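Remarks on the structure that follows.
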Amino acid sequence: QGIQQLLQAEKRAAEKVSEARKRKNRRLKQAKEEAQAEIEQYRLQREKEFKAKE
Amino acid sequence: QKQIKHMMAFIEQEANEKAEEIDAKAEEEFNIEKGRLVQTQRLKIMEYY
Amino acid sequence: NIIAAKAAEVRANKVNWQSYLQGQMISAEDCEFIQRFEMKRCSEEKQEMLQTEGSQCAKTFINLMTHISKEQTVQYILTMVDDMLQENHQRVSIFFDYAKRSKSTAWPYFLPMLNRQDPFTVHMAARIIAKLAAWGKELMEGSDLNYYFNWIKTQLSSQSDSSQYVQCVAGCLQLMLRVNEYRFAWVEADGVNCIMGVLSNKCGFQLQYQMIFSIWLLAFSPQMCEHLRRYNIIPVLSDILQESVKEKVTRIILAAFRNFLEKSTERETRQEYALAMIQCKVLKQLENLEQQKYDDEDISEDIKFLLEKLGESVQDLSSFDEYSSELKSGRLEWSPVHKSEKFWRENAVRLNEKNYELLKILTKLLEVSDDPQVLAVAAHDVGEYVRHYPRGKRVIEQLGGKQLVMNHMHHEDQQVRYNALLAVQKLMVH
Numbered sequence: 006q007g008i009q010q011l012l013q014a015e016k017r018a019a020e021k022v023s024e025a026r027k028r029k030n031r032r033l034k035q036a037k038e039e040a041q042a043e044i045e046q047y048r049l050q051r052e053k054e055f056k057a058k059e
Numbered sequence: 009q010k011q012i013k014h015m016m017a018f019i020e021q022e023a024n025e026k027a028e029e030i031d032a033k034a035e036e037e038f039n040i041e042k043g044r045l046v047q048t049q050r051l052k053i054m055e056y057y
Numbered sequence: 017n018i019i020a021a022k023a024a025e026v027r028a029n030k031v032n033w034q035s036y037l038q039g040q041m042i043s044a045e046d047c048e049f050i051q052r053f054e055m056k057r058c059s060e061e062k063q064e065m066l067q068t069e070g071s072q073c074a075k076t077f078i079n080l081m082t083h084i085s086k087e088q089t090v091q092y093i094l095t096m097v098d099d100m101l102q103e104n105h106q107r108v109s110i111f112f113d114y115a116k117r118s119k120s121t122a123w124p125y126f127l128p129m130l131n132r133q134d135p136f137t138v139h140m141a142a143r144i145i146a147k148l149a150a151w152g153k154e155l156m157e158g159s160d161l162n163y164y165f166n167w168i169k170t171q172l173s174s175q192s193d194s195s196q197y198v199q200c201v202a203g204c205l206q207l208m209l210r211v212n213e214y215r216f217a218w219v220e221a222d223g224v225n226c227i228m229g230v231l232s233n234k235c236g237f238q239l240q241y242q243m244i245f246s247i248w249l250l251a252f253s254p255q256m257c258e259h260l261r262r263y264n265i266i267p268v269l270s271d272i273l274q275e276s277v278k279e280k281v282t283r284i285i286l287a288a289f290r291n292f293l294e295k296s297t298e299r300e301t302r303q304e305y306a307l308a309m310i311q312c313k314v315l316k317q318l319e320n321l322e323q324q325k326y327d328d329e330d331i332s333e334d335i336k337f338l339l340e341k342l343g344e345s346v347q348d349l350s351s352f353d354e355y356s357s358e359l360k361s362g363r364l365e366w367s368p369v370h371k372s373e374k375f376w377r378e379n380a381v382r383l384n385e386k387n388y389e390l391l392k393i394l395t396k397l398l399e400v401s402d403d404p405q406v407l408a409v410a411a412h413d414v415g416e417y418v419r420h421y422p423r424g425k426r427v428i429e430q431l432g433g434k435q436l437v438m439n440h441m442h443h444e445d446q447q448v449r450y451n452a453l454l455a456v457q458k459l460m461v462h
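Chains as they are written, first to last, in PDB author numbering: chain M, 6 to 59; chain I, 9 to 57; chain P, 17 to 175, 192 to 462.
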């Protein structure tokens, strides 16, 4: 029992820290994509302000 | 029994600690990359209109 | 340690919910949910339960913590949510959705459980609060934030059982310090004194890591790095950096030291962190740790970073200013820079610098020090000051510092009496 369940917990531990080396790297790519969705809405808002002034 | 489950929780904690450290050290880089691009483009677009 | 060891019992502490329902202590909705949640076998089957009954889940957990009298049933309920949030951190959003449906912030449903009568209940309540507060879109504020920090500060003040419970308190405090404004609120609670105190109490490597991780998280902000200097934290990290070569402990000190120095946008503060590490002689230990086998780039590259930056302030300290620091710190000794003629022969006049600061230090030490070495060293320092800077005689005579030396001619120590006489010789005899 004991060492087998401990090695399974060690395998889960190794997987959990391996996923931590990936989590924020996916968010760091998506930062480049969220920085397009934010930008088109702002470009549209600034054009609407300009067109209202025109 | 309890000592086995304690060691299992300990070896997963021995990853949880690294995992929190890795999440926290990388947390800033995602925030910087979004903020950098957002400020850069919102300044250009402000001045254009 | 303690929380995992108790949870290994409390996960087996299954409950007769029909008895609490018959006793009217719970609703049929709470009873049915916790029964269905106990029947759903694994984290995916709990995700199906959250997908079908997620608001009723948050309702049930809050109810079964609130309305149950018995501490160990509340700990079982706390253990079940603590594990449910361990399976996926995103699930905190379901409790905030339930709080918003309840026309409330989340915190009033959880903060009352910090008053619970069994220590495991309050620590598990603190884990839930820390998980919500770290991972939520909604954040703690004001009296709620300060109250939970006053609970944390109270548990840190409990100093092996207290120290081993405080591992959970440190983990909860690290979870809090993931959020920026909570760092300022903890510094306003002044709670870094307690972190520094645990590290000053020479705690085990688990607490060394968790407390220095709390300090590393505190050091993420330039405005925090400007302020954190008053806690005297670089010496306790530098002690652990010598006393504890453990891979995690090594890495989190290097991380804390890198954050303090690199986030100091103020050049004076940057120089001061680099120099405080050099007054702790950290750079030599970083070279020892560069030669030691480590498999981690987050050790190796932060060693080389600090070796470069402390590679500036080593040049500042290794001046004659190793004497300046021995005066500033009050570490007067028969050191090589006190003993060597070259220093005085080239620099003795500098005792007048910063509006006579070094003279004022030596005078104060000759006035109020208990240590005959310090007194004799200071008398020797006065002897060489007058020997190598003749106007220094007039300055000691104008400051009246001679009176201390002339009194210490009858000091209880022959080393002091000798150095006092020798200073009187160098003061009055050509």
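Note that beta-carbon positions come from the ideal geometry of N, C-alpha and C, so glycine has one too.
Sub-9 Å separation of residue i and residue j beta-carbons
i                      : j                      : result
residue 155 of chain P : residue 214 of chain P : yes
residue 127 of chain P : residue 197 of chain P : no
residue 411 of chain P : residue 401 of chain P : no
residue 315 of chain P : residue 282 of chain P : no
residue 191 of chain P : residue 350 of chain P : It's not possible to place residue 191 of chain P here, given that chain P moves directly from 175 to 192.
residue 78 of chain P  : residue 50 of chain P  : no
residue 245 of chain P : residue 266 of chain P : no
residue 344 of chain P : residue 308 of chain P : no
residue 10 of chain M  : residue 40 of chain I  : no
residue 317 of chain P : residue 348 of chain P : no
residue 89 of chain M  : residue 49 of chain I  : Any answer about residue 89 of chain M is impossible in this case: the structure gives chain M only from 6 up to 59.
residue 25 of chain M  : residue 26 of chain I  : yes
residue 45 of chain I  : residue 42 of chain M  : no
residue 123 of chain P : residue 142 of chain P : no
residue 23 of chain I  : residue 19 of chain M  : yes
residue 391 of chain P : residue 342 of chain P : no
residue 98 of chain P  : residue 144 of chain P : yes
residue 239 of chain P : residue 269 of chain P : no
residue 139 of chain P : residue 171 of chain P : yes
residue 415 of chain P : residue 458 of chain P : yes
Cβ separation of residue i and residue j, assumed to be a contact under 8 Å, to the nearest whole Å
i                      : j                      : result
residue 296 of chain P : residue 257 of chain P : 5 Å
residue 29 of chain M  : residue 34 of chain I  : 4 Å
residue 286 of chain P : residue 334 of chain P : 4 Å
residue 455 of chain P : residue 427 of chain P : Between residue 427 of chain P and residue 455 of chain P the Cβ distance is about 14 Å, and since that is not below 8 Å, they are no contact.
residue 95 of chain P  : residue 27 of chain P  : 6 Å
residue 90 of chain P  : residue 132 of chain P : 7 Å
residue 18 of chain I  : residue 20 of chain P  : 7 Å
residue 25 of chain P  : residue 42 of chain I  : Wrong, their Cβ atoms sit about 45 Å apart, outside the cutoff.
residue 133 of chain M : residue 57 of chain I  : No information on residue 133 of chain M is available, as it lies outside the stretch 6 to 59 that chain M covers here.
residue 17 of chain M  : residue 20 of chain I  : 6 Å
Chain-order list of residues whose beta-carbon lies under 7 Å from that of residue i (same chain, five-residue window excluded)
i                      : result
residue 379 of chain P : 352
residue 146 of chain P : 204, 207 and 208
residue 399 of chain P : 436
residue 202 of chain P : 239, 242, 243 and 246
residue 23 of chain P  : 95
Residues near residue i in its chain [Cβ-Cβ closer than 6 Å; skip 5 each side]
i                      : result
residue 280 of chain P : 241
residue 17 of chain P  : 196 and 199
residue 375 of chain P : 352 and 369
residue 119 of chain P : none
residue 125 of chain P : 78
residue 273 of chain P : 285 and 317
beta-carbon residue i near the ligand NAP non-hydrogen atom, thresh 8 Å
i                      : result
residue 134 of chain P : The ligand NAP is not part of the structure shown, which contains no ligands of any sort.
Spatial neighbours of residue i in its chain, beta-carbon cut-off 8 Å, leaving aside the 5 residues before and after
i                      : result
residue 442 of chain P : 449
residue 248 of chain P : 284, 287, 288 and 291
residue 169 of chain P : 221, 223 and 226
residue 259 of chain P : 219
residue 388 of chain P : 427 and 431
residue 62 of chain P  : 53, 56, 100 and 103
Worksheet item: Are the region 83-91 of chain P and the region 102-122 of chain P in contact at 8 Å, needing three or more beta carbon pairs?
Response: no
Worksheet item: Taking a cut of 8 Å between CB atoms, which residues from the region 255-268 of chain P lie near chain I?
Response: Under the 8 Å Cβ criterion, the region 255-268 of chain P contributes no residue.
Item to complete: May I ask you to list, following chain order, the residues of the region 289-318 of chain P that have a beta carbon less than 8 Å from some beta carbon of chain I?
Response: Here the close residues number zero.
Practice prompt. Pull out every residue of the region 32-49 of chain M whose Cβ sits closer than 7 Å to any Cβ of chain I, in chain order.
Written response: 32, 33, 36, 37, 39, 40, 43, 44, 47 and 48
Fill in: Selection of the region 14-30 of chain I by Cβ proximity to chain P, strictly under 8 Å
14, 17, 18, 21, 25, 26, 28 and 29
Discussion item. Along the region 44-56 of chain I, where does the CB come closer than 9 Å to a CB of chain M? Name the residues.
Written reply: 44, 45, 46, 48, 49, 50, 53, 54 and 56
Practice prompt. Would you list, in chain order, the members of the region 131-151 of chain P that have their beta-carbon closer than 7 Å to a beta-carbon of chain I?
Written response: Here the close residues number zero.
Practice prompt. Examine the Cβ distances between the region 113-124 of chain P and the region 68-82 of chain P and report whether three or more of them are shorter than 8 Å.
Written response: yes
Fill in: Selection of the region 31-42 of chain I by Cβ proximity to chain P, strictly under 9 Å
31, 32, 33, 35 and 36
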